[PDB]
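Contents: one structure, followed by commentary.
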Amino acid sequence: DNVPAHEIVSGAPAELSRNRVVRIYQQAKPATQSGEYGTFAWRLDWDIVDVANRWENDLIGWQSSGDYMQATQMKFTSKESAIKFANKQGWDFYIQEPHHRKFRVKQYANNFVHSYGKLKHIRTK
Amino acid sequence: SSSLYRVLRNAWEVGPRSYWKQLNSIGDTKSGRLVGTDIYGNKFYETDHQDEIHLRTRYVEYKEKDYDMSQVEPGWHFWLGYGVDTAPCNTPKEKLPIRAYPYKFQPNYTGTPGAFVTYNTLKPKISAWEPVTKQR
Amino acid sequence: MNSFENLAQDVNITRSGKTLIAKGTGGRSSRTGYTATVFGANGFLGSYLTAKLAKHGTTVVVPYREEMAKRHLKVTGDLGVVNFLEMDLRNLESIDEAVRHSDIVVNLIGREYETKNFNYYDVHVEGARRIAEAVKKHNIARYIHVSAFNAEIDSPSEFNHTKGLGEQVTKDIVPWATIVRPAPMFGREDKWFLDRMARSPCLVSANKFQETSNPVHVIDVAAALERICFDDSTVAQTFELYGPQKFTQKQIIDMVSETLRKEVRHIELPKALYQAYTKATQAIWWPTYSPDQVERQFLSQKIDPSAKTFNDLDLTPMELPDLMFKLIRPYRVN
Amino acid sequence: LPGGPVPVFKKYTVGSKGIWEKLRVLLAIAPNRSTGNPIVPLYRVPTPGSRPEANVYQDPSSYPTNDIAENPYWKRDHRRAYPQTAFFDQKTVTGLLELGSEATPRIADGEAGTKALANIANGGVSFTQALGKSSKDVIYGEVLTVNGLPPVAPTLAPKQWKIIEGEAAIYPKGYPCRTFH
Amino acid sequence: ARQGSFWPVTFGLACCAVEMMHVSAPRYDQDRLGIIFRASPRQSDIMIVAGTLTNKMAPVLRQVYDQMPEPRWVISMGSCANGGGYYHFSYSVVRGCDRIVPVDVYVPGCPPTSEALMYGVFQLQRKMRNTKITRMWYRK
Amino acid sequence: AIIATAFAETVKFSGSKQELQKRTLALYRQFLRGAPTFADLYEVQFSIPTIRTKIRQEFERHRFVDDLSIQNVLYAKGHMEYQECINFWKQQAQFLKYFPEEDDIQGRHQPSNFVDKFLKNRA
Amino acid sequence: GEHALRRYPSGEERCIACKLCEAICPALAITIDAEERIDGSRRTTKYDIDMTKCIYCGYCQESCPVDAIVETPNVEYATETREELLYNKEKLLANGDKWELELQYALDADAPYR
Amino acid sequence: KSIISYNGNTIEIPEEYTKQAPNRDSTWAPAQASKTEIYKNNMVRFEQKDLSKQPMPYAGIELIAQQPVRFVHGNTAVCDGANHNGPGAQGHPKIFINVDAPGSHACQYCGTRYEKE
Amino acid sequence: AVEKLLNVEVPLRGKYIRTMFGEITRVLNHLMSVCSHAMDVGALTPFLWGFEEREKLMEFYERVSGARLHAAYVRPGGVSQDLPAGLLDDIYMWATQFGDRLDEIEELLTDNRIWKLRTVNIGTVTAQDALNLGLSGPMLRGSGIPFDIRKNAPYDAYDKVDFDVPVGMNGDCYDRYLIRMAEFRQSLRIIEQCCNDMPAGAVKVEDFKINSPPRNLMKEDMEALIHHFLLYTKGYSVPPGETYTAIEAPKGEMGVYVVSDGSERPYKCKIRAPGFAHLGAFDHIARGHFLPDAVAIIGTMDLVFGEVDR
Amino acid sequence: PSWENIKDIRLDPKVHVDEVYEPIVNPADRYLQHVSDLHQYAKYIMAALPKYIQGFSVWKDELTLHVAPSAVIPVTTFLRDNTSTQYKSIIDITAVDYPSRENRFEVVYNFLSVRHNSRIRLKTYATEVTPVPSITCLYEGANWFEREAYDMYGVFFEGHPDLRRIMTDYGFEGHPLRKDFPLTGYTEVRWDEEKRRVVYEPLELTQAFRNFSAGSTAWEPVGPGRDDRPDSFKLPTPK
Ligand SMILES: NC(=O)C1=CN([C@@H]2O[C@H](COP(=O)(O)OP(=O)(O)OC[C@H]3O[C@@H](n4cnc5c(N)ncnc54)[C@H](OP(=O)(O)O)[C@@H]3O)[C@@H](O)[C@H]2O)C=CC1
Ligand code: SF4
Ligand code: SF4
Ligand code: SF4
Ligand SMILES: [Zn+2]
């Protein structure tokens, strides 16, 4: 199922496959934009490490880091491919299943439906 | 031109004191008309002697013994590099920067106590709690 | 990932009430939060101590005298870790500037001969007194004062006498200082030890090369110093850092000859003649064997019965026979 | 012969004047060679920071691209009319062999055509069987050339070389370096 | 004497070595100041680190630095040698030669013009000119 | 032509495990034989028995790898390493990477239980 | 050559923390922080250039929509330690103030070509 | 003048160098570190250093606050901060400012203040 | 490569500028290679004479781009900025005397019998082995094969200008030296032609979705400001695909294999450096020679080692 | 007749145009007939080696042949050696890491035919454990390119006489051009004063790598394009 340690032929540090957890997901539809072009690929990136994520240099005020994977992120065409890759490397992962908008029928004419009782609210346009 | 006659003629044109000054600073003997003077005190010359090759027709005589290219005032630095035709003193008022602050020229201070000390211009990102006790 | 091997924990509180929070894993770009002034940092032991300190990014203030001698120390730390301060023992304001911002002050200032400007007293007692006064006035959290083994007040040797007086004045001024007494230190490019035995024209002893001391590796002394720096339980204690086994000078010379595949020349001279020779050569400007060094050639190492040792720092000294080949390799010829 | 020697007074380099000129011409290996020093009043003057053309420069543009009244951007939007990459697998080359091509069809109409396309796209015919059934006309016209020869590796712009000999060459006859045009 | 006989070891690694050659070209003529580039480190005063320092080259650079007789100075030329430069985040590049050898003057640029390198040389000579040698011994 | 260099072996993936173990044991023997040469070349402080111990550990690490292709790759990389060492292509700096244990003690605090790891934020 | 941050004739800074210079810089030399100034303006509170990462490519100067960051013709600023080569906001503004006249020469000469 | 350090010791700084700028005493942005704090945190690197040589450029907030308000007839003031003397585009992008509200309205790019009269 | 992926066209003036400056670049590179070669064998003087010409041309670089060496001037779509006002005259003025500057180096080198002793029949390479080893440029034209990408795959304005291609016959260091020396002359010819035929118009492609708009539009026009913002923050998106595009670089065939995934950042970029293939062929060429012949061979391969390892 | 009277070029009358006319043309149009020719040529090649050629693709002037790893030696020999092809020059060899595929790497060969003035590209695939047959027996130049491909990616080349790292440091672990290898590597070096030698340490950056790829566009930027396939290579529609 999962490649153990020390028969990975990549040469990466053992710590990568021992005490690091990656996460696989699809990017969420950004709330700020209506475009959806970034949401189809399956990203893979590493969960952060507490001590080594980022600190502030005491000279010019920069963001120092000891985590060599903080900037790395792979793109895959499909969830199964990402799973296969992570398994072949021996990475512990978690899958975050995507959420989608539930379909509902929208009619422009619905803005002008006659109301037989009291108006619940004044639509304004 | 490397000729000895050039050196003799320049020395005669310039005078013995200036010849010794040039031999003790630049090592050549240059004769040219003064153009202007910095805020720092250096003096800038241009020459039209035909025996002078391209890129040797403008030069500077530093004011101090411990001369340094960083002591050339900006604007003169550009002129001395053949950046512009017209020297800073000869430039119209329209093409001069307007300043709302006093202008101060400071050369390169490296190797001195005046060297630049860098620092972070921001206070820390996360502000800690000021501890206060309350009585039960 | 790296690790702050010198630190016990992450948050630290100095005796002066400063809160120090180590940032980072513990490598070059990290910072322990401590600041240390190392007097005599450009010397034989100071270089190793400074390298170990700046390896983990504790700010090291290095007071120096000659600009060109201290340049190798800048390589040991990240940008802004190793800071250089011009200093002189006869300029009090300079000492004040050196110690003002530190949580740790260690001084290694000691000279094995006398100069036209600093005699043994001036360098070991008044110098230590001035440094300790700056420490006491600025209430520095930790002060480490390094003396020499066999430091005794009423010694025959002016070196040991002034060293004992320096210890006494340090204890009088700063009651919480830590006193370290290392044995003869060897190592790469040591002073008046292995390297001298390896390239001397002839070693001349006034006492048959009979003297015994427990030589100790300089790296081990520096590591012990670091440990003393970062644990607050060594305050007001005395440490006698010395090597595992006791050697005779002749034994060390025999070991050096065996490892060098070459015979070291030994010549034995009367004590008076060698005194006169050393006193005569003290007239040249470069350091040379002292008269008081040959006086010390009649003193064997004396270990205080009641003194903390390497064991109390959970350290184990390396063996001089083991390092020999590593420490003198460029002279084998072969 | 164009590119031949031009005299030293048509080169923008300082040179010599007076008696020294005659001395130079007497003592020069080739009298028409310049000295390498640019002429100070002529060269790089006026300086780049004081060109008069700076105060007249306007951004350059070309018709019809700069027109304000007849160019819709989508008519000249070449980035998004880019040619797709055409991938042909063995099934597609099969289909081409049997059913012919859009340019010259060899397919029947109605359901027959669609079912032929289907069973080739399913794997009914292999490529080797395709080639075997293939007649002489189709092999010669549509795999080899009409003469039956294989096609030569295509070239976008054929280059016809010519060798320049004699006075127009770079080197004279002896040297082991020839001039191709 | 130290300023008048300024002998570097050439140690040229990349695009900065070209501006280092143009210093010696006729227009600037480093030789007119007394600068002779000498191939052996034994006969050299100054090391000029002119180029990207890789991890594969770091031991060799430190070795050539160690084999220069004293007194010795080092000038770091170019962004790549100063701070790792345009390859600062590469997996095989040392982020600055001052990780390896002590450095006296940093010349900024990519590549520093020949005039900037000459200015850095003048800075090194100014540092030499203010050095106490026997006066320092007198202070001892 | 461009001819192979010293101790170069053409890349060949063994079709059978046994034919691979033959080569593997040959390579191990080569490493053990070369140990003194490595000790001379790289001016190491430590002893030849320690070199040989390190080699044995390296070969031990992959003693239970099953799939043949992975074994082939590991053997090829091991041979590339051997050729790198024996030809003095490597320097002392990269050679001592193999030997992290013989360096001295790095410090007083190498945490082992949860409380010491927690105190240093490494829990 | 070396970098400098410009002002308006009124002496108000020109940099409005749009951070395009930060985004285009091929060496990731530039570090910028910003927030609402007390008078409501959008200004920088930290603007650093690591002069030892910079490749002196001049993209930062082509990018800025208000000509705030520019590259002076100055090449003579060699230093004796590396910490002087980490320019903060104060240093870059000081350079702008010091070199404004030469900057105006270069701008008057080349602005039609940008 | 006297800043107490984390050590508990005193750091003495001349009054002129505690001002954030030559013309302004206090910070002009919440995240901006004050000179007092700068020294308190970096005093090791400021020892034996000459403060009068450090950059200290002028605070532009006050300089723009000294510029008089421009009065405009209509509802919209147009500003582009151009340099009428030199060639090319040397200003900031041309924007239009509404001045119907009471008071002065600042240009978003240059800070020049406009008002409807 | 990027324009081929982008399916855009460089304006005419831009093409001509790129040809002129490609040949100024060829002249600079050959000055460095030939003079460094002669310095390796021992001829120290052409180094300095040719370095003054290098200085003169780096003046032109600095005037059009602002940097002496790393111009960053030629960009996908054209060139970054139009030529300054007084550049064509200065280039022509330099071109009137470069011919003599070449003749002097040739006086010292072409007929000197010591030069021919160091170069004749040294580093001989056969035509077939040249093709087999992947050699290109002079290293291939020296062996008798007339192949030149400027003539074979006419790129830029290499079809609007007239020039010849020198081809050796013995494939030794001396033939390659002759080839380089004649490429000097051909480059001077091309530079003159472009000085005489430089047209008017734009220098970068006139679609502000690829190249940024002029600053006078960017500060007045909304669309231009948006496009400027996006180009310098996100970048233009290249249609997906891949390409291998090679040119006749001064050192031989230089090519890039770029893989585009439809995004703003390349998916893969491999550079084919001619020096890599040459240094690979070193062990075949240099076998059986003397150590000084190895020095001369390295000289004739004309290696830079930024190319070799990237 | 001398340089003091040489005529001033700077005052000569320059040419002046009023309006510049540059017609709008799609640059792909110039390749249409050549694309047809490449199609015909690729058809011939597939018909000639149906046992080997899994497919081809044509884009403007670049033809690609897709083959399985076992087919490389025969197809390369046919290319190098057939009279109508004669692809004598190896140009480059490389790999491209596709982590979505089962076979990660795709190995690319570019060939050049100086005889015919034509180029061709040949692709195969491989994995981190399955090798590709080396073509050094056919093209001498491929030696170094295959050492580079192995070094960067890890792809093995069966039959390569001397396959070892060419670029990375001695004793480097990892194949840098793999999409899972981080930008900055895992280790860095410095000079260690205690050990007097250059030591390797875990990576620790003073400023962390800021990846600005998060700001990629949220709108599809280009679209589908257009197909330049010749009508002689599109399947016919019934009726
Ligand atoms: N090495 C040994 O065998 C033993 C040494 N020790 C002690 O170890 C400490 C250092 O050992 P080591 O490092 O070998 O000694 P070093 O001589 O190697 O370094 C000693 C330091 O003392 C400084 N120093 C001496 N006199 C003065 C002064 N008057 N003013 C300022 N600085 C001065 C030197 O600075 P500069 O370089 O500027 O002169 C040097 O940095 C000394 O205290 C020594 O007594 C004790 C027992 C054994
Ligand atoms: S600093 Fe720039 S010019 Fe110098 S070597 Fe590095 S990349 Fe090349
Ligand atoms: S010159 Fe280039 S590297 Fe330097 S700040 Fe500007 S864009 Fe960044
Ligand atoms: S691009 Fe210009 S205006 Fe924008 S943040 Fe950078 S310097 Fe300021
Ligand atoms: Zn405005």
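Here, A, B, ... name the chains of the structure tokens in the order displayed, residue numbers run from 1 inside each chain, and ligands are numbered from 1 in the same displayed order.
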- Message: Counting only C-alpha atoms and all ligand atoms, what are the residues, protein, DNA or RNA alike, that approach ligand 5 to within 8 Å? I want them as a PyMOL selection string.
- Response: chain H and resi 78-81+91-92+94-95+107-112
Write the residues of the preceding selection, restricted to N, CA, C and O atoms, as a PDB file, in the first residue's frame.
```pdb
ATOM      1  N   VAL H  78      -9.332  67.573 -11.276  1.00  0.00           N
ATOM      2  CA  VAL H  78      -8.497  66.618 -11.991  1.00  0.00           C
ATOM      3  C   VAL H  78      -7.046  66.864 -11.610  1.00  0.00           C
ATOM      4  O   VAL H  78      -6.577  68.008 -11.625  1.00  0.00           O
ATOM      5  N   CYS H  79      -6.344  65.800 -11.236  1.00  0.00           N
ATOM      6  CA  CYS H  79      -4.949  65.889 -10.839  1.00  0.00           C
ATOM      7  C   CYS H  79      -4.146  64.795 -11.512  1.00  0.00           C
ATOM      8  O   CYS H  79      -4.592  63.649 -11.587  1.00  0.00           O
ATOM      9  N   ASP H  80      -2.964  65.148 -11.994  1.00  0.00           N
ATOM     10  CA  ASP H  80      -2.047  64.147 -12.510  1.00  0.00           C
ATOM     11  C   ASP H  80      -0.606  64.368 -12.084  1.00  0.00           C
ATOM     12  O   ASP H  80       0.259  63.588 -12.484  1.00  0.00           O
ATOM     13  N   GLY H  81      -0.316  65.415 -11.315  1.00  0.00           N
ATOM     14  CA  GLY H  81       1.014  65.611 -10.766  1.00  0.00           C
ATOM     15  C   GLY H  81       2.112  65.660 -11.799  1.00  0.00           C
ATOM     16  O   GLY H  81       3.228  65.207 -11.529  1.00  0.00           O
ATOM     17  N   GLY H  91       4.245  62.337 -14.198  1.00  0.00           N
ATOM     18  CA  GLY H  91       3.334  62.453 -13.084  1.00  0.00           C
ATOM     19  C   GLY H  91       2.867  61.113 -12.575  1.00  0.00           C
ATOM     20  O   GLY H  91       3.594  60.123 -12.652  1.00  0.00           O
ATOM     21  N   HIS H  92       1.662  61.083 -12.038  1.00  0.00           N
ATOM     22  CA  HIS H  92       1.005  59.869 -11.592  1.00  0.00           C
ATOM     23  C   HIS H  92      -0.252  59.726 -12.436  1.00  0.00           C
ATOM     24  O   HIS H  92      -0.659  60.701 -13.074  1.00  0.00           O
ATOM     25  N   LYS H  94      -3.744  59.913 -14.139  1.00  0.00           N
ATOM     26  CA  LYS H  94      -4.655  61.041 -14.024  1.00  0.00           C
ATOM     27  C   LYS H  94      -5.970  60.596 -13.407  1.00  0.00           C
ATOM     28  O   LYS H  94      -6.682  59.771 -13.984  1.00  0.00           O
ATOM     29  N   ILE H  95      -6.318  61.164 -12.256  1.00  0.00           N
ATOM     30  CA  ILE H  95      -7.550  60.824 -11.565  1.00  0.00           C
ATOM     31  C   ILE H  95      -8.352  62.093 -11.325  1.00  0.00           C
ATOM     32  O   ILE H  95      -7.829  63.204 -11.366  1.00  0.00           O
ATOM     33  N   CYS H 107      -5.784  64.306  -3.103  1.00  0.00           N
ATOM     34  CA  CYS H 107      -5.444  63.431  -4.214  1.00  0.00           C
ATOM     35  C   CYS H 107      -4.883  62.135  -3.667  1.00  0.00           C
ATOM     36  O   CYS H 107      -4.098  62.136  -2.718  1.00  0.00           O
ATOM     37  N   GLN H 108      -5.293  61.021  -4.259  1.00  0.00           N
ATOM     38  CA  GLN H 108      -5.009  59.745  -3.629  1.00  0.00           C
ATOM     39  C   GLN H 108      -3.558  59.363  -3.855  1.00  0.00           C
ATOM     40  O   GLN H 108      -2.976  58.607  -3.070  1.00  0.00           O
ATOM     41  N   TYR H 109      -2.948  59.925  -4.896  1.00  0.00           N
ATOM     42  CA  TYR H 109      -1.585  59.632  -5.311  1.00  0.00           C
ATOM     43  C   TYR H 109      -0.577  60.588  -4.684  1.00  0.00           C
ATOM     44  O   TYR H 109       0.452  60.157  -4.158  1.00  0.00           O
ATOM     45  N   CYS H 110      -0.849  61.894  -4.753  1.00  0.00           N
ATOM     46  CA  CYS H 110       0.123  62.907  -4.373  1.00  0.00           C
ATOM     47  C   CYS H 110      -0.220  63.661  -3.099  1.00  0.00           C
ATOM     48  O   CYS H 110       0.656  64.336  -2.556  1.00  0.00           O
ATOM     49  N   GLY H 111      -1.449  63.574  -2.606  1.00  0.00           N
ATOM     50  CA  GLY H 111      -1.798  64.234  -1.369  1.00  0.00           C
ATOM     51  C   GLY H 111      -2.229  65.676  -1.506  1.00  0.00           C
ATOM     52  O   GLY H 111      -2.680  66.264  -0.516  1.00  0.00           O
ATOM     53  N   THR H 112      -2.105  66.264  -2.691  1.00  0.00           N
ATOM     54  CA  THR H 112      -2.561  67.627  -2.924  1.00  0.00           C
ATOM     55  C   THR H 112      -4.054  67.737  -2.652  1.00  0.00           C
ATOM     56  O   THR H 112      -4.839  66.914  -3.127  1.00  0.00           O
TER      57      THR H 112
END
```
Self-check item: Nearby residues, ligand 4, 8 Å, only C-alpha atoms and all ligand atoms, as a list in words
Solution: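 Listed by chain and ascending number, the contacts are residues 5, 14, 15, 16, 17, 18, 19, 20, 21, 22, 32, 44, 60, 61, 63, 64, 65, 66, 67, 68 and 69 of chain G.
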Mind dumping the selected residues with N, CA, C and O atoms as a tab-separated table (two decimals), in the first residue's frame?
```
chain	number	residue	atom	x	y	z
G	5	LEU	N	14.53	56.35	-3.77
G	5	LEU	CA	13.09	56.55	-3.74
G	5	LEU	C	12.77	58.03	-3.84
G	5	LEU	O	13.27	58.84	-3.05
G	14	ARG	N	6.50	59.51	-3.41
G	14	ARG	CA	5.75	59.07	-4.58
G	14	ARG	C	5.29	57.63	-4.45
G	14	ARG	O	4.28	57.26	-5.05
G	15	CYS	N	5.99	56.83	-3.67
G	15	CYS	CA	5.62	55.44	-3.47
G	15	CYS	C	4.33	55.32	-2.69
G	15	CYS	O	4.23	55.80	-1.56
G	16	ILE	N	3.35	54.64	-3.28
G	16	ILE	CA	2.04	54.43	-2.71
G	16	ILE	C	1.81	52.98	-2.36
G	16	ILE	O	0.66	52.54	-2.30
G	17	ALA	N	2.87	52.21	-2.16
G	17	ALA	CA	2.78	50.83	-1.70
G	17	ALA	C	1.92	49.97	-2.61
G	17	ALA	O	1.21	49.08	-2.14
G	18	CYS	N	1.97	50.21	-3.92
G	18	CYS	CA	1.22	49.38	-4.85
G	18	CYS	C	1.85	48.01	-5.00
G	18	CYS	O	1.22	47.09	-5.54
G	19	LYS	N	3.09	47.85	-4.57
G	19	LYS	CA	3.82	46.59	-4.54
G	19	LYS	C	3.98	45.92	-5.90
G	19	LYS	O	4.28	44.74	-5.94
G	20	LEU	N	3.78	46.60	-7.03
G	20	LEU	CA	4.17	46.00	-8.30
G	20	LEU	C	5.67	45.77	-8.39
G	20	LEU	O	6.12	44.79	-8.98
G	21	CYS	N	6.46	46.68	-7.82
G	21	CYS	CA	7.91	46.49	-7.85
G	21	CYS	C	8.28	45.22	-7.11
G	21	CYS	O	9.21	44.51	-7.50
G	22	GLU	N	7.56	44.94	-6.03
G	22	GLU	CA	7.81	43.73	-5.26
G	22	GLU	C	7.45	42.49	-6.06
G	22	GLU	O	8.08	41.44	-5.90
G	32	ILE	N	8.29	44.79	1.19
G	32	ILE	CA	7.47	45.97	1.40
G	32	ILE	C	6.37	45.65	2.38
G	32	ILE	O	5.78	44.56	2.33
G	44	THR	N	3.95	53.33	2.48
G	44	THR	CA	4.75	52.23	3.00
G	44	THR	C	5.24	52.52	4.40
G	44	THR	O	5.62	53.65	4.72
G	60	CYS	N	11.98	46.93	-11.62
G	60	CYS	CA	11.27	47.63	-10.56
G	60	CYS	C	10.97	49.05	-10.98
G	60	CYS	O	9.98	49.65	-10.54
G	61	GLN	N	11.83	49.62	-11.82
G	61	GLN	CA	11.68	51.00	-12.25
G	61	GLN	C	10.71	51.11	-13.42
G	61	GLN	O	10.01	52.13	-13.56
G	63	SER	N	8.17	49.16	-13.67
G	63	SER	CA	6.89	48.71	-13.16
G	63	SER	C	6.15	49.82	-12.45
G	63	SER	O	4.95	50.03	-12.69
G	64	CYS	N	6.84	50.55	-11.58
G	64	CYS	CA	6.22	51.51	-10.69
G	64	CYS	C	5.40	52.52	-11.48
G	64	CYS	O	5.94	53.18	-12.38
G	65	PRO	N	4.11	52.66	-11.19
G	65	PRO	CA	3.27	53.57	-11.97
G	65	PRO	C	3.38	55.03	-11.56
G	65	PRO	O	2.64	55.86	-12.10
G	66	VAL	N	4.27	55.39	-10.63
G	66	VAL	CA	4.41	56.77	-10.19
G	66	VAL	C	5.88	57.18	-10.15
G	66	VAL	O	6.23	58.19	-9.54
G	67	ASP	N	6.74	56.39	-10.80
G	67	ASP	CA	8.18	56.68	-10.89
G	67	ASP	C	8.82	56.82	-9.52
G	67	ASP	O	9.70	57.66	-9.32
G	68	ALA	N	8.40	56.02	-8.55
G	68	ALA	CA	8.91	56.29	-7.22
G	68	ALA	C	10.27	55.65	-6.99
G	68	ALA	O	11.19	56.31	-6.50
G	69	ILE	N	10.41	54.38	-7.34
G	69	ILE	CA	11.70	53.71	-7.29
G	69	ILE	C	12.39	53.93	-8.61
G	69	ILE	O	11.80	53.76	-9.68
```
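Within 12 Å of chain C, and using only C-alpha atoms, the residues found on chain J are residues 186, 187, 188, 189, 190, 191, 192, 193, 194, 195, 196, 198, 200, 201, 202, 203, 204, 205, 206, 207 and 208 of chain J.
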Just need the residues of chain E within 7 Å of chain G, counting only C-alpha atoms, so spit them out as a list in words.
-> residues 79, 82, 83, 84, 85, 86, 88, 104, 105, 106, 107, 108, 109, 110, 116, 119 and 120 of chain E
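Listed by chain and then residue number, the contacts of ligand 1 are residues 40, 41, 42, 43, 44, 45, 46, 65, 89, 108, 109, 110, 111, 118, 123, 146, 147, 148, 149, 182, 183, 184, 185 and 191 of chain C (distance at most 6 Å, using only C-alpha atoms and all ligand atoms).
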Atoms kept (C-alpha atoms) for selection, written as a CSV table (one decimal), in the first residue's frame:
```
chain,number,residue,atom,x,y,z
C,40,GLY,CA,40.2,38.0,24.2
C,41,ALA,CA,38.0,36.4,21.5
C,42,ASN,CA,40.6,36.4,18.8
C,43,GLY,CA,43.0,34.2,20.7
C,44,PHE,CA,43.5,30.4,20.8
C,45,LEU,CA,40.6,29.6,23.0
C,46,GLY,CA,38.4,32.6,22.2
C,65,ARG,CA,42.8,45.4,19.5
C,89,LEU,CA,42.3,48.0,28.9
C,108,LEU,CA,40.0,35.2,28.4
C,109,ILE,CA,42.5,38.0,28.6
C,110,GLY,CA,45.8,36.6,29.8
C,111,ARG,CA,49.4,36.8,28.6
C,118,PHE,CA,51.5,45.3,30.5
C,123,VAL,CA,47.2,42.2,32.6
C,146,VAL,CA,39.1,32.2,33.1
C,147,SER,CA,42.4,31.8,35.0
C,148,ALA,CA,45.1,29.2,34.8
C,149,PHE,CA,45.6,25.9,36.6
C,182,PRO,CA,41.8,24.9,32.6
C,183,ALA,CA,44.9,22.6,32.4
C,184,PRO,CA,47.4,23.0,29.6
C,185,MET,CA,45.3,23.2,26.4
C,191,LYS,CA,50.5,28.0,22.1
```
task: May I have all residues of region 95-151 of chain C that DSSP, computed from the backbone, assigns to alpha helix (DSSP H), given as a PyMOL selection string?
output: chain C and resi 95-99+120-121+127-138
| Which residues come within 9 Å of residue 82 (chain F), counting only C-alpha atoms, excluding same-chain residues fewer than 2 positions away, as a count of residues only? | 13
| Selection near region 106-121 of chain I, 7 Å with only C-alpha atoms, sequence-local residues under 3 positions removed, as JSON, numbers by chain | {"I": [102, 103, 124, 172, 173, 174]}
CA of residue 21 (chain A) to CA of residue 88 (chain A) measures 14.4 Å
Report task. Check every residue of chain H for an atom within 9 Å of chain B, counting only C-alpha atoms, and provide those that qualify as a PyMOL selection string. Result -> chain H and resi 30-35+37-38+42+45-46+48-55+57-58+63+85-86
